[PDB]
Amino acid sequence: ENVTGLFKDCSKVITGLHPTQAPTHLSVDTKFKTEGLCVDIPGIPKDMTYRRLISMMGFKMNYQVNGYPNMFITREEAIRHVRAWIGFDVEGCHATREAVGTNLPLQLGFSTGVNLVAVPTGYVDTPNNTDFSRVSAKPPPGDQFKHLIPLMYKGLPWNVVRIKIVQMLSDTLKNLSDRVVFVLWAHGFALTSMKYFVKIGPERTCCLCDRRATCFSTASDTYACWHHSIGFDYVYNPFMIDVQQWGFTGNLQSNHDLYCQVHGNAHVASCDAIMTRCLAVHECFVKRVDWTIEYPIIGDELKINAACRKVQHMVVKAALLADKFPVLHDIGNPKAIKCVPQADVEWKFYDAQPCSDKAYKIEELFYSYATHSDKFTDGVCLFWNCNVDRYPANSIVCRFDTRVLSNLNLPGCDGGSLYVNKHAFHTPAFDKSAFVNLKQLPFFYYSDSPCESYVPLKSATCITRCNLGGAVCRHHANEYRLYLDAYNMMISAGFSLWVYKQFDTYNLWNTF
Amino acid sequence: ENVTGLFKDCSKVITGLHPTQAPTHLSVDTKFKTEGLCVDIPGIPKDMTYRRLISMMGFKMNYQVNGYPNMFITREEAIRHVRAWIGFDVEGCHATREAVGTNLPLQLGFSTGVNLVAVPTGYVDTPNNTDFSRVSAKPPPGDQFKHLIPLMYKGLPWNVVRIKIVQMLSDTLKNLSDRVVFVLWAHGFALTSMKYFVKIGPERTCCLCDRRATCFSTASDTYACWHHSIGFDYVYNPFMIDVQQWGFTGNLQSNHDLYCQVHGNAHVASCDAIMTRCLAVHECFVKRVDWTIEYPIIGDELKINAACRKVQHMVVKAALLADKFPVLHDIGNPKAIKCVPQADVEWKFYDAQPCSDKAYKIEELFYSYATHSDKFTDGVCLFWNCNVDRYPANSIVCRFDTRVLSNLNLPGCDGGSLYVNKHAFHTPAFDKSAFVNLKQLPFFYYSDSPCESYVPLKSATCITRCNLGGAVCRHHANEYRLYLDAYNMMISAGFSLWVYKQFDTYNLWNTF
Amino acid sequence: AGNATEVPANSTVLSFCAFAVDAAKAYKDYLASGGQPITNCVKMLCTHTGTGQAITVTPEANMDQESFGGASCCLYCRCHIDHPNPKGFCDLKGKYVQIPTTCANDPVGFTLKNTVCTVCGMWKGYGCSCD
Amino acid sequence: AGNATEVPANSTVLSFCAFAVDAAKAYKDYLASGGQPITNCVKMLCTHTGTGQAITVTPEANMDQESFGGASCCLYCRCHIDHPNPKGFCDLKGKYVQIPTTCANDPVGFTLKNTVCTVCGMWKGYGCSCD
RNA sequence: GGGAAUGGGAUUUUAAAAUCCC
RNA sequence: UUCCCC
RNA sequence: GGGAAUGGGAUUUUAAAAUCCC
RNA sequence: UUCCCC
Ligand SMILES: [Mg+2]
Ligand SMILES: [Mg+2]
Ligand SMILES: [Zn+2]
Ligand SMILES: [Zn+2]
Ligand SMILES: [Zn+2]
Ligand SMILES: [Zn+2]
Ligand SMILES: [Zn+2]
Ligand SMILES: [Zn+2]
Ligand SMILES: [Zn+2]
Ligand SMILES: [Zn+2]
Ligand SMILES: [Zn+2]
Ligand SMILES: [Zn+2]
């Protein structure tokens, strides 16, 4: 049929509108139509006191305009901008008394964890202009929606609500991305609610810097980014993805529960937003690591990457001098390069599948503790950023703590986390039971290089042959501070270091 | 005369029973009733093929018998057996098409996390006996119950369900208590389900030991405790408490969400059980620690207490000897017991909440970093088992990690945990953001006692006079091992030690 | 939906004995502690000229006895639980049971405590005479 | 429930200009990129012997003009958004608008682009004789 | 084409209705 | 509202 | 309260209907 | 007839 529910008249008046007042041809009264046109009848005066509610349901954002960005994006662009993902859900209420036939936004929830309750407000048609005003409404007729019953008396005016939305989005995303991606399940009512707080147009620039404009103010027609959006009320040019359009059957919870167990509490807007983002992250990221997609630097990724390599070199160089194992096993190394080339030890490499390394010396190993307990009975093992069920008692382990959230460590699926440094690594949930056979590694600095020279260093953790005397030179006094900062940065990023229980510093004091 | 819904005849047959087959005077048909009595009509035969479902809803367990313990205990008594608390929730299905008017257990859930699905089974009065048999049933109408539709095709026989229940209860509770306390929200259908797997009687003893009998076996007419209940099929003499009787209004989710944000996902039996036990824990323990109630020493509590005492003494002595603070603030300790009496430092003592003593011995201190950061700039602050939002940069802190669950640490409310060591202490959720001004305390030993005195010690962390030589004497060599065992036990129990960032052991080495 | 069977005054003793391992011992202990007997039994209006046998297919009450429906004088039929018989069947259901008029206030307890002489079909100690 | 008032062919542009900051610019950019104009306007029937003024109380079109209802030729009344007028009132609504026959394909765009002469009462460049 | 069914309880008001819990 | 049978 | 959808092909007869197969 | 959303 040649009708749509967009801009539907929900008023209870049995008659239509006058030809000089009806917005469309389907809105004019039947008494005026004649042979497909409308004829002015002096006997029917136009109405000057009517109020007609207009439905904002049924938007179609499929415009193709030359200088305008498109709101809906492809899945590859969403994978690129995963740092900007904010789940979004809306729970609504039904217009009841003076108008029936539309739903109004009641509780808007985001994956950040907030719920904003708004006064039921609609767009009514008056003889002068469309008026944005409060309308009578009732909660949906269902037991599942009974928790929405109090919220009808707890809403805020939309002027407050949209300013709070802009504040929350800017405070969440200003150190992560230059845009917002809304992760939706069903976009119809989400778009109907976005009509209340989202405006679009050509791409712009912030009024105080060179960043992309993300917010618009109607008090003064100015555009700003996340950093300069204080007092701004509208979201300008957002992006969105609909997850249900990825071939899903059933509802949101039935699909989320197949892959995750730490989120629940359906029909709450924030909880469903978290569920939507979790399902999207699972569908786009928990398969394998993709090195064809690269992410921009937003912080201390370079320092973390340097500090990890520095610690990995120093710990292994100290361990191979402490007890002098004749052979070691390196497990989980993507490429066949030993951490310390100068070591006089037999390196044997094992991995499930290397990162396309030409050196095929790496043996196949799909490790499991109950299966490979007798594989590495002798010699020190290395597990650097390798995630297994349990480590043996003779290992040196670096493990990332998924419970440490930061700009690099986004929330993940089923208790895991999405670590985005240069690529996106999905890490399963941290378990301390995997470290029952090990102990936490202490901090220490070690070097054998010759040295030549504001308080001088006074610490028992500087294991150097220079420190055997009563003083230490300035070269090691600076390099120890550099390694201390590197170790602090590495442990603050979320990395935990574990060593075998027999490890101690005294043997290192015997290396001189 | 009034009637009760217990043992209601749910069968769809319109007539009553024969006077020789009716169990009560209400069951006999109106043909035979006369003048308040019954008549034997010679011609009427008795039915020999009827199948009358009997309703098990409406049990009243308010008996008072001398040798028989009562199932429903008071909350003052349940607080003393919090280590036996197991939340319990049942979902149900409606009898249909051969009997209407009763509900049968479908999904049984517990706070341990398990869900057990049973085939719909009922009690059917037959002309020979009462037959415990599978009956027709349907899931309840309503959207919220639609997830119960798949459960009708995957139930287990009840003889297996109660074996699994006994196994799970014994595995959970054999190292915690000598009984079970079921934490319920509505005890009606809970009792109706307990009819299927619970037996009562006088107090008994285990068949293989002198422990309280908690399980019964029909295959051998024997009683057992949690340790010896292999193959037993009934729970014998359990206890229970109804939380909704404590004055709550509304549903379980509404009251639970007022205090906790961790649990959700209502209408799944295990999740509802977890919510019920969480609400009970909040109502009993989040208020304040009750020193009047003591708990039995289940295991390793005295060793952990001695280890904590020794570690605290050593670290405070080492810090005061190394850095020589003018004032030490023993924050959160109402007692003026000095852990090192001979230290050349003055001591101040505070309490988080006002105690019963009105003397001027201690001062009030509700510490928060936003209000008390600059009040203790000089000296050192001893935060031993005191929980604050953020610690200052001059502190020695011992903090319990609520994510390390054990027999002494039970799950609590809103992410916290209930630690039971001679008393019940509810501790808020652990966050690593409270230690941004501190660093992890290294493991070390210090000796200040005279060195008057089998493998020689080769560790460089033993800060003692005899370590500056060929070998450590066997007195300190075994005392260091004892302190290492104490440290490992303490940090395995869940205690984390933090110190101000400028702590160094080398200042101790200049003491000799 | 459904037709009620029991009165509220039996709610406790029927809930107790339906949970016990030994329902006869439980009922005896409930009575010993001042509890009240199970009521709402099915008593017959009869001529009281019968042979006076303990269990019959017709109400055969003697002048010193009262006749009841059998299923109402069985604790296991009253609590809807398993019978302790090896076959699991009831000896009282489908029959009429004659209880002495002195013990007619608690017929359920009487049928538990007493037994029937085989050679005459009388309650032992109540109308039985074989020794 | 309710009465549907719009055709599917208008679903795109009306969804566009409703979200746009500048609806007048958005409509012109939509037209300039190959989009079709707004349909389903109300068209009046008359003798075409009127005065020819741009906006009138009654249909008053000339020989080369067609009258439309004023509410259907205002873009903001179609998109149900804020009028940029000084008090938010509409000048077309409650009046009849005269569109030239050659421009009758896009009556919304004609009212957006063109203006009226305040001293003669008809469209500038499209019939006004004072210039 | 034929047929069946739509759970349990508490409270209040005037058998019925409403509210609440499961 | 749901199910069974044809 | 809002909304969407009801597969593919062949043959015959007068775009539609019917039949058949998947 | 069926599904999604509220
Ligand atoms: Mg939702
Ligand atoms: Mg439940
Ligand atoms: Zn800016
Ligand atoms: Zn999830
Ligand atoms: Zn040096
Ligand atoms: Zn035992
Ligand atoms: Zn909780
Ligand atoms: Zn010594
Ligand atoms: Zn019986
Ligand atoms: Zn005899
Ligand atoms: Zn207008
Ligand atoms: Zn002019």
# chains A, B, ... in the order shown; residues from 1 in each chain; ligands from 1
$ residues_near_ligand --ligand "ligand 5" --cutoff "12 Å" --atoms "only C-alpha atoms (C1' of nucleotides) and all ligand atoms" --output "list in words"
residues 445, 446, 447, 448, 449, 450, 451, 452, 453, 457, 462, 463, 464, 465, 466, 467, 468, 469, 471, 472, 473, 474, 475, 476, 477, 478, 479 and 480 of chain A
$ interface_residues --of "chain C" --to "chain B" --cutoff "6 Å" --atoms "only C-alpha atoms" --output "ChimeraX atom specification"
/C:1-8,12,15,19-21,30,40-45,69-72,78,80,89,93-95
$ write_last_selection --atoms "C-alpha atoms" --output "PDB file, in the first residue's frame"
ATOM      1  CA  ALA C   1      -9.401 -25.206  39.500  1.00  0.00           C
ATOM      2  CA  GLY C   2      -9.695 -28.527  41.300  1.00  0.00           C
ATOM      3  CA  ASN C   3     -11.658 -29.758  44.298  1.00  0.00           C
ATOM      4  CA  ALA C   4     -10.365 -29.348  47.844  1.00  0.00           C
ATOM      5  CA  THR C   5      -9.760 -32.491  49.907  1.00  0.00           C
ATOM      6  CA  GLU C   6      -8.525 -31.425  53.353  1.00  0.00           C
ATOM      7  CA  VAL C   7      -9.480 -29.032  56.160  1.00  0.00           C
ATOM      8  CA  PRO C   8      -7.035 -26.475  57.671  1.00  0.00           C
ATOM      9  CA  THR C  12       0.394 -29.318  60.236  1.00  0.00           C
ATOM     10  CA  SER C  15       2.779 -31.650  56.294  1.00  0.00           C
ATOM     11  CA  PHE C  19       8.262 -35.192  55.089  1.00  0.00           C
ATOM     12  CA  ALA C  20       9.372 -37.755  57.677  1.00  0.00           C
ATOM     13  CA  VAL C  21      11.503 -40.809  56.984  1.00  0.00           C
ATOM     14  CA  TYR C  30       3.274 -35.711  67.173  1.00  0.00           C
ATOM     15  CA  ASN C  40     -12.061 -35.468  58.600  1.00  0.00           C
ATOM     16  CA  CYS C  41     -12.417 -39.237  58.229  1.00  0.00           C
ATOM     17  CA  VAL C  42     -15.235 -40.998  56.384  1.00  0.00           C
ATOM     18  CA  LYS C  43     -17.647 -42.447  58.961  1.00  0.00           C
ATOM     19  CA  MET C  44     -20.553 -44.646  57.894  1.00  0.00           C
ATOM     20  CA  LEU C  45     -24.201 -44.514  58.904  1.00  0.00           C
ATOM     21  CA  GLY C  69     -13.881 -45.943  54.962  1.00  0.00           C
ATOM     22  CA  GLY C  70     -10.493 -47.606  54.757  1.00  0.00           C
ATOM     23  CA  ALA C  71      -8.584 -44.982  52.773  1.00  0.00           C
ATOM     24  CA  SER C  72      -9.421 -42.429  55.480  1.00  0.00           C
ATOM     25  CA  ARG C  78      -3.811 -39.667  54.169  1.00  0.00           C
ATOM     26  CA  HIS C  80      -0.109 -39.518  49.957  1.00  0.00           C
ATOM     27  CA  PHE C  89      -0.232 -51.690  48.151  1.00  0.00           C
ATOM     28  CA  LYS C  93      -8.104 -48.923  50.712  1.00  0.00           C
ATOM     29  CA  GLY C  94     -11.262 -50.212  49.061  1.00  0.00           C
ATOM     30  CA  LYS C  95     -12.554 -51.737  52.311  1.00  0.00           C
TER      31      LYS C  95
END
$ interface_residues --of "chain B" --to "chain E" --cutoff "8 Å" --atoms "only C-alpha atoms (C1' of nucleotides)" --output "MDAnalysis selection string"
chainID B and resid 57 94:97 100:103 140:141 186 188:189 250:251
$ write_last_selection --atoms "N, CA and C atoms" --output "short mmCIF file (atom, residue, chain, number, x, y, z; two decimals), in the first residue's frame"
data_model
loop_
_atom_site.label_atom_id
_atom_site.label_comp_id
_atom_site.auth_asym_id
_atom_site.auth_seq_id
_atom_site.Cartn_x
_atom_site.Cartn_y
_atom_site.Cartn_z
N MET B 57 0.93 -28.27 47.06
CA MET B 57 1.12 -26.85 47.35
C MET B 57 0.33 -26.49 48.60
N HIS B 94 2.84 -25.70 34.64
CA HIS B 94 1.45 -25.90 35.02
C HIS B 94 0.94 -27.23 34.49
N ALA B 95 0.28 -27.99 35.36
CA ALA B 95 -0.36 -29.24 34.93
C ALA B 95 -1.52 -28.94 33.99
N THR B 96 -1.67 -29.78 32.97
CA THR B 96 -2.62 -29.48 31.90
C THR B 96 -3.23 -30.76 31.35
N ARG B 97 -4.46 -30.62 30.84
CA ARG B 97 -5.17 -31.51 29.93
C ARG B 97 -5.54 -32.87 30.52
N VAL B 100 -5.81 -29.93 36.19
CA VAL B 100 -5.55 -28.49 36.22
C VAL B 100 -5.65 -28.03 37.66
N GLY B 101 -4.65 -27.28 38.12
CA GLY B 101 -4.74 -26.67 39.43
C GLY B 101 -3.51 -26.82 40.31
N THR B 102 -2.41 -27.31 39.76
CA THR B 102 -1.18 -27.43 40.54
C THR B 102 0.01 -27.12 39.64
N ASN B 103 1.13 -26.81 40.28
CA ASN B 103 2.37 -26.49 39.60
C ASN B 103 3.45 -27.50 39.99
N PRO B 140 4.42 -21.75 31.72
CA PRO B 140 3.45 -20.69 31.99
C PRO B 140 3.35 -19.74 30.82
N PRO B 141 2.17 -19.18 30.57
CA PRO B 141 2.05 -18.13 29.55
C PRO B 141 2.73 -16.85 30.00
N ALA B 186 10.41 -16.88 48.31
CA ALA B 186 9.02 -17.24 48.61
C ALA B 186 9.03 -18.74 48.91
N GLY B 188 6.77 -20.95 49.54
CA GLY B 188 5.69 -21.82 49.11
C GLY B 188 6.11 -22.87 48.10
N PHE B 189 6.46 -22.42 46.90
CA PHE B 189 6.92 -23.35 45.87
C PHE B 189 8.27 -23.96 46.21
N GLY B 250 7.58 -5.58 47.05
CA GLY B 250 7.99 -5.73 45.68
C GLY B 250 8.60 -7.10 45.42
N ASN B 251 9.19 -7.23 44.24
CA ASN B 251 9.81 -8.49 43.86
C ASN B 251 11.28 -8.52 44.27
#
$ residues_near_ligand --ligand "ligand 10" --cutoff "7 Å" --atoms "only C-alpha atoms (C1' of nucleotides) and all ligand atoms" --output "PyMOL selection string"
chain C and resi 117-122+124+128-130
$ write_last_selection --atoms "C-alpha atoms" --output "JSON list (two decimals), in the first residue's frame"
[["chain", "number", "residue", "atom", "x", "y", "z"],
["C", 117, "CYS", "CA", -5.78, -61.77, 64.05],
["C", 118, "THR", "CA", -5.63, -64.08, 61.04],
["C", 119, "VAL", "CA", -7.92, -66.90, 62.19],
["C", 120, "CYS", "CA", -10.91, -64.71, 63.11],
["C", 121, "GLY", "CA", -10.29, -61.36, 61.43],
["C", 122, "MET", "CA", -10.72, -59.36, 64.64],
["C", 124, "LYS", "CA", -6.14, -58.24, 68.61],
["C", 128, "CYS", "CA", -10.52, -61.20, 69.45],
["C", 129, "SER", "CA", -10.75, -64.36, 71.54],
["C", 130, "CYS", "CA", -8.43, -67.20, 70.54]]
$ select_by_dssp --residues "stretch 62-210 of chain A" --states "helix (DSSP H, G or I)" --output "MDAnalysis selection string"
chainID A and resid 75:80 82:84 143:148 150:153 158:173 187:194
$ interface_residues --of "chain F" --to "chain B" --cutoff "10 Å" --atoms "only C-alpha atoms (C1' of nucleotides)" --output "ChimeraX atom specification"
/F:1-3
$ atom_distance --atom1 "atom CA of residue B:432" --atom2 "atom CA of residue B:279"
26.2 Å
$ residues_near_ligand --ligand "ligand 1" --cutoff "10 Å" --atoms "only C-alpha atoms (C1' of nucleotides) and all ligand atoms" --output "JSON, numbers by chain"
{"A": [88, 89, 90, 91, 92, 107, 108, 109, 145, 185, 186, 251, 252, 253, 266, 267, 268, 269, 270, 271, 272, 273, 275, 276], "H": [5, 6]}
$ calpha_fit_and_write --fixed "chain C" --moving "chain D" --output "CSV table (one decimal) with C-alpha atoms, in the first residue's frame"
chain,number,residue,atom,x,y,z
D,1,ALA,CA,-9.2,-25.0,39.8
D,2,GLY,CA,-9.6,-28.5,41.3
D,3,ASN,CA,-11.5,-29.6,44.4
D,4,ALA,CA,-10.2,-29.0,47.9
D,5,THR,CA,-10.1,-32.2,49.9
D,6,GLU,CA,-8.5,-31.3,53.3
D,7,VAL,CA,-9.3,-29.1,56.3
D,8,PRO,CA,-6.9,-26.5,57.7
D,9,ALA,CA,-6.7,-28.2,61.1
D,10,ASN,CA,-4.9,-31.1,59.4
D,11,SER,CA,-2.4,-28.8,57.7
D,12,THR,CA,0.4,-29.2,60.3
D,13,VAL,CA,0.6,-33.0,60.9
D,14,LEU,CA,0.0,-33.9,57.2
D,15,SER,CA,2.9,-31.5,56.3
D,16,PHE,CA,5.0,-33.2,59.0
D,17,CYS,CA,4.4,-36.9,58.2
D,18,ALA,CA,4.8,-36.2,54.5
D,19,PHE,CA,8.4,-35.1,55.0
D,20,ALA,CA,9.3,-37.6,57.6
D,21,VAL,CA,11.4,-40.7,56.9
D,22,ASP,CA,9.2,-42.7,59.3
D,23,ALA,CA,5.7,-41.4,59.2
D,24,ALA,CA,4.3,-43.9,61.7
D,25,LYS,CA,6.9,-42.8,64.3
D,26,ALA,CA,6.4,-39.2,63.4
D,27,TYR,CA,2.6,-39.4,64.0
D,28,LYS,CA,3.1,-41.0,67.4
D,29,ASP,CA,5.7,-38.4,68.4
D,30,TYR,CA,3.3,-35.7,67.2
D,31,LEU,CA,0.5,-37.1,69.4
D,32,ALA,CA,2.8,-37.5,72.4
D,33,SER,CA,3.8,-33.8,72.2
D,34,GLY,CA,0.3,-32.5,72.6
D,35,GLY,CA,-0.9,-32.5,69.0
D,36,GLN,CA,-4.4,-33.3,68.0
D,37,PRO,CA,-5.2,-36.4,65.9
D,38,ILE,CA,-6.3,-36.5,62.2
D,39,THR,CA,-9.8,-35.3,61.6
D,40,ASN,CA,-12.1,-35.3,58.6
D,41,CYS,CA,-12.4,-39.1,58.2
D,42,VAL,CA,-15.3,-40.7,56.5
D,43,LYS,CA,-17.7,-42.3,59.0
D,44,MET,CA,-20.2,-44.9,57.9
D,45,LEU,CA,-23.9,-45.2,59.0
D,46,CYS,CA,-25.3,-48.6,59.7
D,47,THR,CA,-27.5,-50.7,62.0
D,48,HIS,CA,-24.5,-51.9,64.1
D,49,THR,CA,-25.6,-55.5,63.6
D,50,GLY,CA,-22.6,-56.7,61.6
D,51,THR,CA,-20.1,-59.5,62.1
D,52,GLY,CA,-17.4,-57.3,63.7
D,53,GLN,CA,-14.4,-58.2,61.5
D,54,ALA,CA,-11.6,-55.7,61.3
D,55,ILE,CA,-11.7,-55.1,57.5
D,56,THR,CA,-14.7,-56.0,55.4
D,57,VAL,CA,-16.1,-55.4,51.9
D,58,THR,CA,-19.3,-54.0,53.5
D,59,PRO,CA,-19.9,-52.1,56.7
D,60,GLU,CA,-20.1,-54.9,59.4
D,61,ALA,CA,-19.5,-53.2,62.7
D,62,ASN,CA,-20.6,-54.6,66.0
D,63,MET,CA,-22.6,-52.8,68.7
D,64,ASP,CA,-19.5,-51.2,70.2
D,65,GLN,CA,-17.8,-50.6,66.8
D,66,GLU,CA,-18.1,-47.8,64.2
D,67,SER,CA,-17.3,-48.4,60.6
D,68,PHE,CA,-15.0,-46.0,58.7
D,69,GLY,CA,-13.9,-46.0,55.1
D,70,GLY,CA,-10.5,-47.7,54.9
D,71,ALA,CA,-8.8,-45.0,52.8
D,72,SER,CA,-9.3,-42.4,55.6
D,73,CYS,CA,-7.8,-44.5,58.4
D,74,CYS,CA,-4.6,-45.3,56.6
D,75,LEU,CA,-1.9,-42.7,57.4
D,76,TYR,CA,-0.1,-43.1,54.1
D,77,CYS,CA,-3.3,-42.6,52.1
D,78,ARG,CA,-3.8,-39.4,54.0
D,79,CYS,CA,-0.2,-38.2,53.5
D,80,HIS,CA,0.0,-39.6,49.9
D,81,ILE,CA,3.3,-41.4,50.6
D,82,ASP,CA,4.8,-44.9,50.1
D,83,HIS,CA,3.2,-47.8,51.9
D,84,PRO,CA,5.8,-50.1,53.6
D,85,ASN,CA,3.7,-53.1,52.5
D,86,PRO,CA,5.6,-55.8,50.5
D,87,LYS,CA,4.2,-54.7,47.2
D,88,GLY,CA,3.1,-51.1,48.1
D,89,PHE,CA,-0.6,-52.0,48.0
D,90,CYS,CA,-2.9,-50.9,50.8
D,91,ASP,CA,-4.9,-53.3,52.9
D,92,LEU,CA,-7.4,-50.8,54.3
D,93,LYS,CA,-8.2,-49.1,51.0
D,94,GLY,CA,-11.1,-50.7,49.1
D,95,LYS,CA,-12.4,-52.1,52.4
D,96,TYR,CA,-14.3,-50.9,55.5
D,97,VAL,CA,-12.5,-50.7,58.8
D,98,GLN,CA,-14.0,-51.3,62.2
D,99,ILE,CA,-12.9,-48.9,65.0
D,100,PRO,CA,-14.0,-49.3,68.6
D,101,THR,CA,-16.2,-46.5,69.9
D,102,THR,CA,-13.7,-45.5,72.6
D,103,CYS,CA,-10.9,-45.3,70.0
D,104,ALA,CA,-13.1,-43.4,67.4
D,105,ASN,CA,-11.4,-40.1,68.2
D,106,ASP,CA,-8.1,-41.2,66.5
D,107,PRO,CA,-9.0,-43.8,63.9
D,108,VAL,CA,-5.6,-43.3,62.1
D,109,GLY,CA,-3.6,-44.0,65.2
D,110,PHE,CA,-5.7,-47.1,66.1
D,111,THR,CA,-4.9,-48.6,62.7
D,112,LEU,CA,-1.2,-47.7,63.0
D,113,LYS,CA,-0.8,-49.2,66.5
D,114,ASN,CA,-3.1,-52.2,66.4
D,115,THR,CA,-3.0,-55.4,64.4
D,116,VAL,CA,-5.5,-58.0,63.1
D,117,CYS,CA,-5.8,-61.8,63.8
D,118,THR,CA,-5.3,-63.8,60.7
D,119,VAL,CA,-7.3,-66.8,61.8
D,120,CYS,CA,-10.4,-65.0,63.2
D,121,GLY,CA,-10.4,-61.7,61.2
D,122,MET,CA,-10.8,-59.2,64.0
D,123,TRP,CA,-8.6,-56.9,66.1
D,124,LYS,CA,-6.3,-58.5,68.7
D,125,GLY,CA,-7.1,-57.5,72.2
D,126,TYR,CA,-10.2,-55.6,71.1
D,127,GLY,CA,-12.7,-58.3,70.6
D,128,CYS,CA,-10.9,-61.4,69.4
D,129,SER,CA,-12.0,-64.4,71.5
D,130,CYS,CA,-9.3,-66.9,70.4
D,131,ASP,CA,-6.8,-65.6,73.0
$ residues_near_ligand --ligand "ligand 7" --cutoff "6 Å" --atoms "only C-alpha atoms (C1' of nucleotides) and all ligand atoms" --output "list in words"
residues 260, 262, 263, 275, 278, 413 and 414 of chain B
$ write_last_selection --atoms "C-alpha atoms" --output "PDB file, in the first residue's frame"
ATOM      1  CA  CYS B 260      23.953  -4.498  44.156  1.00  0.00           C
ATOM      2  CA  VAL B 262      26.795  -7.238  39.898  1.00  0.00           C
ATOM      3  CA  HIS B 263      24.000  -9.801  39.639  1.00  0.00           C
ATOM      4  CA  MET B 275      20.319 -12.565  44.141  1.00  0.00           C
ATOM      5  CA  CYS B 278      23.186 -11.529  48.084  1.00  0.00           C
ATOM      6  CA  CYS B 413      27.164  -7.966  48.138  1.00  0.00           C
ATOM      7  CA  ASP B 414      27.884  -5.584  45.239  1.00  0.00           C
TER       8      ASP B 414
END
$ interface_residues --of "chain B" --to "chain A" --cutoff "10 Å" --atoms "only C-alpha atoms" --output "ChimeraX atom specification"
/B:142-144,147,253-254,262-267,271,403-404,431-433,436,439-443,458-461,488,492,503-509
$ atom_distance --atom1 "atom CA of residue B:178" --atom2 "atom CA of residue B:81"
9.4 Å
$ residues_near_ligand --ligand "ligand 6" --cutoff "9 Å" --atoms "only C-alpha atoms (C1' of nucleotides) and all ligand atoms" --output "ChimeraX atom specification"
/B:205-213,223-229
$ atom_distance --atom1 "atom CA of residue A:30" --atom2 "atom CA of residue A:52"
17.4 Å
$ residues_around --residues "stretch 385-394 of chain B" --least-positions-apart "6" --cutoff "9 Å" --atoms "only C-alpha atoms (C1' of nucleotides)" --output "ChimeraX atom specification"
/B:331-333,352,366-370,373-374,376-379,400,427-428,431,433-438,499-502
$ select_by_dssp --residues "chain D" --states "strand (DSSP E)" --output "ChimeraX atom specification"
/D:55-56,65-69,96-100
$ write_last_selection --atoms "C-alpha atoms" --output "PDB file, in the first residue's frame"
ATOM      1  CA  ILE D  55      -0.406  34.152  -0.904  1.00  0.00           C
ATOM      2  CA  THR D  56      -4.155  34.666  -0.521  1.00  0.00           C
ATOM      3  CA  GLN D  65      -0.566  29.783 -12.087  1.00  0.00           C
ATOM      4  CA  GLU D  66      -1.891  26.842 -10.079  1.00  0.00           C
ATOM      5  CA  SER D  67      -3.029  27.213  -6.484  1.00  0.00           C
ATOM      6  CA  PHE D  68      -1.793  24.897  -3.745  1.00  0.00           C
ATOM      7  CA  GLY D  69      -2.577  24.717  -0.057  1.00  0.00           C
ATOM      8  CA  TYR D  96      -3.258  29.551  -0.530  1.00  0.00           C
ATOM      9  CA  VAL D  97       0.003  29.799  -2.477  1.00  0.00           C
ATOM     10  CA  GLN D  98       0.281  30.444  -6.226  1.00  0.00           C
ATOM     11  CA  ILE D  99       2.891  28.366  -8.079  1.00  0.00           C
ATOM     12  CA  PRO D 100       3.708  29.001 -11.761  1.00  0.00           C
TER      13      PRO D 100
END
